[PDB]
Amino acid sequence: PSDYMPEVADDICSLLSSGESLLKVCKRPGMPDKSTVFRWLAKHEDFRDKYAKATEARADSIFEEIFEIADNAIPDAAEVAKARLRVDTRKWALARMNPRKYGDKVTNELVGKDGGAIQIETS
Amino acid sequence: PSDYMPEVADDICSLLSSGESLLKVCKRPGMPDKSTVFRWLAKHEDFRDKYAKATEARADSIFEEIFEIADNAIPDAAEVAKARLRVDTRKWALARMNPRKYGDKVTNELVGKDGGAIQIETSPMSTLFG
Amino acid sequence: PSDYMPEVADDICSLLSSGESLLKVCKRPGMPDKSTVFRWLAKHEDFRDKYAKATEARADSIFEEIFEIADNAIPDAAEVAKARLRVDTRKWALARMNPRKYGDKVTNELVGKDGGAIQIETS
Amino acid sequence: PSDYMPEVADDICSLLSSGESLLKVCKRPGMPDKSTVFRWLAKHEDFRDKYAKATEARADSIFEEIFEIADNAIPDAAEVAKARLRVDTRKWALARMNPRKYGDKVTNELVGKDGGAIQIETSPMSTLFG
Amino acid sequence: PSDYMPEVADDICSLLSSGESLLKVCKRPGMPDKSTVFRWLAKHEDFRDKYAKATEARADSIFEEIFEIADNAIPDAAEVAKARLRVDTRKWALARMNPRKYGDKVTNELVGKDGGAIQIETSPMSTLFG
Amino acid sequence: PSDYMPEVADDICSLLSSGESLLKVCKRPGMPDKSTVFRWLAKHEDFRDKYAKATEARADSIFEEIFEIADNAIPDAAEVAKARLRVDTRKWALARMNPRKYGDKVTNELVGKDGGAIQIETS
Amino acid sequence: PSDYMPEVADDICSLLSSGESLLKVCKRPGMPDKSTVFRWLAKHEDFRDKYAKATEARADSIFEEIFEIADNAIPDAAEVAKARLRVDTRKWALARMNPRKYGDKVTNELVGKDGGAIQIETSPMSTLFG
Amino acid sequence: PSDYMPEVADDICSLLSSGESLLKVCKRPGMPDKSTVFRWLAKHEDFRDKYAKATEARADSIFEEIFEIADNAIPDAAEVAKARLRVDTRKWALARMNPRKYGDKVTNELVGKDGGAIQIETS
């Protein structure tokens, strides 16, 4: 298959929401390939609407996955290294999937020289 | 368990509040699967609100947990690496769960050229950037 | 036990101050569980007052602990790795327990293009 | 293949869009070498424009790929290190390919001295910095 | 030693000033335990002031110490890792003990779009954020 | 050779563009040494023009090289470590060769205390 | 060689310009020791100026060198670690030798609350911070 | 010895300038101990003047030392790890000894949403 199909598009948004890579999703019988999906994302606004929201839901699923991957890692050097890579890749991806929710968080206390007021000169 | 059940949702909130992760909670007897929990959240504002409170409590619980994970790690190379991964994952998650409390903390002393005042020159716009 | 008790709350603030994880504190006979303590922290202002101050005192104790953990680490690969994890976890926690005291410290010398004045255009 | 051939350039764009890297594409039967592709880009705006679109698509493809590389890594020390390198290289490249989408994301809560307002003192210029 | 004893507090300050850590000091003959030292600090402003001066001196002492720890490390994998941990712990602590002297140092050359001026557009508030 | 030569300067800009270190370029028979090239870069504007552009083209070549070095790394500990060093060195260099294109990319959402407006006091 | 000798100072500048480090230069036949070079610099502005130019050239030379060190590293664990150290040391040094050219490069897209405008509230000073 | 002595203070500033840790300096026969030196640094301005300048000169010596430590490292795992620690400690220290010269260097291109102008609203 390679034609637009709302029922499969919906199907796509569903699996995505649960956390599964799009790669692992399109890899199902009767589903559009990855390239086609990205094509649809340019000729269907109704799709780009269900897709971004699906991506934020996917992120929320992945957030809970990282605890499991870490806590259930097999206590062998290479398996722990793999678990770390799986977690690190997810952490990095989460920030991009929902920057407001999963981006880095910093509080910067801004002060001036010697803890006094910030000194500015203007021309 | 597919239909929304407040009593079960309440239990989920209590377990999360204590520091347990969602996927682990969902493995307990009679719990809904994670996908179902997410569906419940989506359609029940009462659950969403209690879940948000549980997440705050969850973070405070995890903050204490990381000390235990580190201090009690089995002194074996792989076990220590696993403990480190568990702690690092929690540290990252805490900042997201409560950014105000658990985000990074930096004090930036801002000075200018040669440790004097910050020098700023303002000029008329030179391109149409408005 | 699971009822409010100022004498045990005080007891809590005490052990906390010396550096001991709350987890290790509530784990004593006759003490409220962790969950209960966090509950009290919502129905007692007199508590939230002794608790935040206890936390800052706890931080000061932990600050001295990291030197000991580092300096007295057993010189074996895994024990040193564990010591490093114990220290790193404490460093990260200290910044959250007292951000003013234990947060990161940076001095930023702000200059403009080529070391000249910072150039701004406004619209 | 030295002369600019649109049909071949179009194929290159499709292959890149799917996530394949340029040097790997150029090893396929009948493809120009990388230096030739760069020469084509330099002198053909039609190719440059389609190549820019292909790069955006390439990034979206790679974003999905990194999950697979990590999750499917052979649990051997060297193979995991290689998978990590492949993922790290892609992460770095993604931010450059589409900075808006794949750049780092930070929220900075800006406060002043002792958690109060940011204190700013302005003064007449003291040196000729204009 | 439970009661505040100035002579002992003074010795503590001298030992800290030389670079010794508090827990190590408290193991010396006739020293109070750390909890007692903290109690003394809490209730004696004279000790607090001298302790603050000792902390500044302590930092300067540690700054020199880190060179020795690194340079004299036994060239064994575990011993080098331990030396690294001792040095890293001190580096982190120094920045807190005297932020002005031992904090990170960065020069940020600030420029705007395409290396020109920083472009700023100001607009009326669009939401009630005051 | 050690005299100015536009045909060799051109030759230089060519090899550079394809990604090859200048070190590896001057190492060809009849070519000026590295030191001489840097000298020319001070007495020929026509050169400093072809050189900076050559450097940006070199960067674009190196960008594609890093994928190959990573993906084709021999799966042996030391070879992977070497591949990582080769890639890391290139990543660092790319940012300097074309900062606009290859520099770090950050989006900073700037907010004030507790997510409110940024609070400023002026004197 | 203790007395300032311009011919020797000139040679030092040429060698540094080519990428050689000072301590290595000072080991060559007839060279002054490093302490002497520093003394020459301190008291001879002509040498200081030529040395500053040599440092710029040195940096450009090292920038090319790091590619060679990485690419030619012997694929042995210790040799690769040493090559990494040599490259990392040079990267750090380059940024100091020519900050404009070799410093870190970042583009910061600055936005405000919820991706809208940066919200700024100005208020009268509330403490004597002037 | 433990009395103020300009000739030894000078002697101190000398060795410091060449790069040698103060610890390694005071460790010479007839020299004040470390603690005494820090005491002098509070009762002699003529000293605090020769000392800060000595520190900047010390930094310049250390800067050249790091190349040697890196390039001449013995190619054994632990020796390379030690060399790395020696270099890292020096790099960190250099930034504190002369922040203007040895601090981190960053160029920040500041732009607004989507590469447009930085958008500000004021109240």
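Just a few scattered comments:
- Both the radius of gyration and Dmax for chain A are 21.1, 67 Å, in that order, over alpha-carbon atoms.
- Relative contact order of region D:52-130: 23 percent, from C-alpha pairs under 8 Å at least 6 residues apart in sequence.
- Residue-count net charge about residue A:56 - beta-carbon cut-off 10 Å; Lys, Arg +1, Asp, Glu -1: +3
- In this calculation the C-beta distance from residue H:43 to residue H:18 is compared with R0 = 30 Å, giving a FRET efficiency of 0.70.
- Amide H contacts under 5 Å for residue E:118: C:119, C:120, C:121, E:112, restricted to partners 5 or more places along the chain or on a different chain, H placed in the peptide plane at 1.01 Å from N.
- Counting other Cβ atoms within 10 Å as a rough exposure proxy, the listed residues B:58, A:48 run A:48, B:58 from fewest neighbours to most.
- Calculated [θ] (222 nm, deg cm²/dmol) that DSSP helices of n ≥ 4 give over chain B, each run adding -39,500 (n - 2.57): -19000 deg cm²/dmol
- Under a model in which nothing but the beta-carbon of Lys, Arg (+1) and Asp, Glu (-1) is charged, chain G shows a dipole of about 320 debye around its Cα centre.
- Counting only residues at least eight positions apart within a chain, or on another chain, the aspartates and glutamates with an alpha carbon under 16 Å from that of residue C:34 are B:20, B:56, B:60, B:64, B:65, B:68, C:3, C:10, C:11, C:20.
- Cα extents of region F:1-43 along the three principal axes, largest first (Å): 24, 18, 17
- With neighbours defined as other Cβ atoms within 10 Å of a residue's Cβ, the residues D:90, A:28, F:39 order from fewest to most as A:28, F:39, D:90.
- Pairs of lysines in chain B (C-alpha under 20 Å apart; 8 or more residues apart or interchain): 15
- Averaging the Cα positions of each part gives two centres, and for region E:26-64 and region B:55-101 these lie 31 Å apart.
- Under 13 Å, Cβ to Cβ, from residue B:75 - net charge with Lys/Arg +1 and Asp/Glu -1: 0
- Between the alpha-carbon centres of region A:15-86 and region C:60-123 there is a gap of 34 Å.
- Mean partner shielding of peptide H:91-101, defined as the number of other chain Cβ atoms within 10 Å of each residue Cβ, is 6.
- Applying 1/(1 + (r/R0)^6) with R0 = 60 Å to the Cβ-Cβ distance of residue B:27 and residue B:122 gives a FRET efficiency near 0.45.
- Compactness of region G:4-56 is given as radius of gyration and Dmax, 9.8, 25 Å, from Cα positions.
- Sum of side-chain charges, residue C:7 neighbourhood, beta-carbon under 14 Å (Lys, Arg +1; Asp, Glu -1): -2
- Extending 7 Å from the Cα toward the beta-carbon at both residue B:100 and residue E:74 defines two label points whose distance is 5.1 nm.
- In percent, rounded to a whole number, the relative contact order of region H:1-103 is 25, using alpha-carbon pairs under 8 Å and six or more apart.
- Alpha-carbon spread of the protein assembly as shown, three principal axes, descending order, Å: 91, 91, 59
- Theoretical FRET efficiency, 1/(1+(r/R0)^6), r = Cβ-Cβ of residue E:45 and residue H:3, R0 22 Å, to 0.05: 0.10
- Stokes-Einstein D for region G:1-103, Kirkwood Rh over Cα pairs, 10 °C, 1.306 mPa s (µm²/s): 108
- Converting phi to 3J(HN,Hα) with the Karplus coefficients 6.51, -1.76 and 1.60 and the offset θ = phi - 60°, region B:80-87 yields 5, 4, 5, 4, 4, 4, 4, 6 Hz in sequence order, with x at every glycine or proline.
- Listed from fewest to most Cβ neighbours within 10 Å, the set F:14, H:2 follows the order H:2, F:14.
- Only helices enter the 222 nm calculation for chain C: every DSSP H run of n ≥ 4 contributes -39,500 (n - 2.57), and dividing by all residues gives -19500 deg cm²/dmol, rounded to 500.
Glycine gets a Cβ as well: all are built from the backbone with ideal geometry, and neighbour counts include every protein chain shown. Just so you know, all these numbers are worked out from the coordinates, no wet-lab data involved.
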